[PDB]
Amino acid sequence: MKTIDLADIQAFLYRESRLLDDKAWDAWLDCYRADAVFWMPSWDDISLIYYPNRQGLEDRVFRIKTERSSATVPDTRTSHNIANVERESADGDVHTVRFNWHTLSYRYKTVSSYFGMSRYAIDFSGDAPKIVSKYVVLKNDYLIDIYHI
């Protein structure tokens, strides 16, 4: 049995979000299982982002790399802040947690905040954890990319 606790899960969440903040896009993608679903719903009061597997995320990372390859200073500096992590369930080595988050983002003169809640299912059966499903609720919805969430 793999014994996985909240601290193990938090360590993974901190690493995953660090890989975005540090623009380590390939390492970041490797935190996701090839069959990972990634879903940020719209508020109907149609998703903001939906990918049924990781390929969609790979393509989006390709777009980000392409945009950045021409781009000059100032860059966008981001800082993820993962809070209030609660374990919801475990099914074998697949662990489901929810958490609140607040990403601060800065380029040049202006700071932007994005905040909300996320639910992750994470497969700990391999030597490195792998996200099986990501669900993101953006609360300040009225652009946003994957490196903000």
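A residue's number is simply how far along the shown sequence it sits, counting from 1.
Deposited residues lacking coordinates between residue 45 and residue 46 (none, 1 to 3, 4 to 9, 10 or more): According to the record, 10 or more deposited residues lack coordinates from residue 45 to residue 46.
Mean temperature factor over C-alpha atoms, higher-scoring stretch between 101 to 109 and 35 to 43: If you average the C-alpha B-factors of 101 to 109 and of 35 to 43, the larger mean comes out for 35 to 43.
Top residue by Cα temperature factor, when 28, 62, 51, 115 are compared in the entry: Reading the PDB entry, the winner on C-alpha B-factor is 51.
Identity of residue with top Cα B-factor, from 13, 128, 20, 131: Each of 13, 128, 20, 131 was compared by C-alpha B-factor; the highest is 128.
Chain third (lowest, middle, highest) by recorded CA B-factor, residue given as residue 85: Tercile = lowest for this residue's CA B-factor.
Third of the chain, ranked by Cα B-factor, where residue 149 sits: Its C-alpha B-factor belongs to the lowest third of this chain's values.
Within-chain third of residue 93 by Cα B-factor, per the entry: For residue 93, whose C-alpha B-factor we compare with every modelled residue in the chain, the answer is the highest third.
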